[PDB]
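**Student:** Before I ask anything, here is the structure I am working with.
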Amino acid sequence: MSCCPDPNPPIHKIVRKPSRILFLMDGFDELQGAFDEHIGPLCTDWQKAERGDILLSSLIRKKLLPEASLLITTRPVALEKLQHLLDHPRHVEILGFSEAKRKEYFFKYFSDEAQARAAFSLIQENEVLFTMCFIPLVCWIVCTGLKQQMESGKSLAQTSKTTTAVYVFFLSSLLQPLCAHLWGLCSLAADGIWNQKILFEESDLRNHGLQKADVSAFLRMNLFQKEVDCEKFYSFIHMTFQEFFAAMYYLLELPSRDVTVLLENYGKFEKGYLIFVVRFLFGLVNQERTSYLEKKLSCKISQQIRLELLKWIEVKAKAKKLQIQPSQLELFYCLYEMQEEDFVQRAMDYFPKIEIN
Amino acid sequence: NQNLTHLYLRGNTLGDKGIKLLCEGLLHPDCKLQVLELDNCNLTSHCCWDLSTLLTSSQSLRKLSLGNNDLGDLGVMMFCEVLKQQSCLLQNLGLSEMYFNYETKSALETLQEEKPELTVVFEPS
């Protein structure tokens, strides 16, 4: 599947010889579906057909093609379900951009200094966004947002203070010029998160109200991707966006729309841990809101959800366990996004002891 | 030298050009070499033409031990086809320590059965 166009490559030749082969298992955490680290068979004998979880597990455990090398990329949260299959791994952590590299990114992204310098200053002046631009995705989103602002020549202002604000900002400048189909896109994302789907067929888009005409709008206004690498699988340009859209779904106005149930399944591989779904849900549930898509978000629901979110924090903050869902600092990220002192202070009163790293 | 009956060059990085030049000698009507051993000699697909020529041209050669080299999956198929026309090769044909596909192994097995005068070919299994 991952080889040259020839459907019958030399699988039975040197391709069977281990130690000269390295696998790149990119996105362990994106393996949609339950992943059982404890299985019956260990699918030895590569030619034997078996389920994907078993096949991957067998490769991961070095039972399939033993002595072969294996590189795995993953979100650190998913290590909970991966560390049981590594035995003797070398763990490498990926760190974001340093101040020097943030600067290089901006100058490489923009066509010339005339705009790159403006972009750099506009962001550098914003302590929060500059710090957030630690992440390649965030600086990309901000740069893309600026590029769109440059095309219109409106202002290039970048005043966002949260992760949510960046994502909301990005859509505001993208969909406002669409607004009538945002619900369908949000529904699609929510369905995907709950039904363990990242890659969508055109049939799935149509079934959520997005058929060709609006879908193309998202492909043009870099929001949503088609996967045209000899395929026809639509998806969000990044998993963080899919989680963002799912989060908005719960707050608009078909999995359930029950946030309590959503939260109950937070600390689980099956749903992708819902880390950004909740982080965004918190940022979105606010009173300090404005227009441009935000006004289409349900205020009445936000008030109903806010209460349950506060209860959720109290219940989880109470836990003193390690390698558990929101390990203190994660709750702080949620509260950081929801920049409203009334809520945050009430929530923080449930943290008599703070243990963070 | 008509007294030279065995020549062992295995391990020498002769290359394809090397085989070409050796063949010019081996194809000479007075050459009496019976056994030529060529294990890993840094060989490739090209030399198969010259080796094929050798297999059917020389009336003296009896054993040609091509070993651990990338002879080629198609290259060996030429050997399979030509070693039917009353070839004088009777012994080890080499092809050991070399990965072949299904059709190739079948052809080599067929050759072994149809031409029993060829003692053993010696595939990897």
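**Student:** Kindly indicate which of A:271, A:232 is under 28 Å from residue A:74 (Cβ atoms), among the charged types (D, E, K, R) and part of a helix (DSSP H, G or I).
**Tutor:** Step by step, each of A:271, A:232 is checked, and only A:271 is under 28 Å from residue A:74 (Cβ atoms), among the charged types (D, E, K, R) and part of a helix (DSSP H, G or I).
**Student:** Right, residue A:173: among the hydroxyl-bearing types (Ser, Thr, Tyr), within 20 Å of the chain's Cα centre (by Cα) and crowded, with 18+ Cβ neighbours inside 10 Å or not?
**Tutor:** Spelling it out, it is not the case that residue A:173 is among the hydroxyl-bearing types (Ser, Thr, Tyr), within 20 Å of the chain's Cα centre (by Cα) and crowded, with 18+ Cβ neighbours inside 10 Å.
**Student:** Only one of A:252, A:284, A:262, A:274 is touching a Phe, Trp or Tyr at 6+ places or on another chain (Cβ under 9 Å), of a type in the set (A, V, I, L, M) and more than 16 Å from residue A:301 (Cα to Cα); which?
**Tutor:** Going through A:252, A:284, A:262, A:274 in turn, the sole match is A:274.
**Student:** Moving on to the next point. Assuming residue A:160 fulfils every condition listed in (1) more than 18 Å from residue A:245 (Cα to Cα); (2) of a type outside the set (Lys, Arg); (3) assigned to a helix (DSSP H, G or I) apart from one, which condition is it?
**Tutor:** Condition not satisfied by residue A:160: (3).
**Student:** Would you point out which residue out of A:268, A:321, A:353 is within 18 Å of the chain's Cα centre (by Cα) and of a type in the set (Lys, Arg)?
**Tutor:** Of the residues listed, the single one that is within 18 Å of the chain's Cα centre (by Cα) and of a type in the set (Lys, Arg) is A:268.
**Student:** Criterion first (of a type in the set (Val, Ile, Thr) and either more than 14 Å from the chain's Cα centre (by Cα) or within 14 Å of chain A (Cβ to nearest Cβ) (or both)) does residue B:13 satisfy it?
**Tutor:** Yes; evaluated as a whole, the condition is true for this residue.
**Student:** Something else now. Filter the stretch A:10-61 down to the residues that are within 14 Å of chain B (Cβ to nearest Cβ) and over 30 Å from residue B:100 (Cα atoms) and list them by number.
**Tutor:** Selection gives nothing.
**Student:** Which of the following residues is surrounded by fewer than 16 Cβ atoms within 10 Å (Cβ to Cβ) and assigned to a loop (DSSP other than H, G, I, E, B): A:320, A:311?
**Tutor:** Going through A:320, A:311 in turn, just one is surrounded by fewer than 16 Cβ atoms within 10 Å (Cβ to Cβ) and assigned to a loop (DSSP other than H, G, I, E, B): A:320.
In this analysis, Cβ positions are derived from the backbone assuming ideal geometry, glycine residues included, and neighbour counts consider all displayed protein chains. Values in this text are rule-based calculations from the coordinates and carry no lab data.
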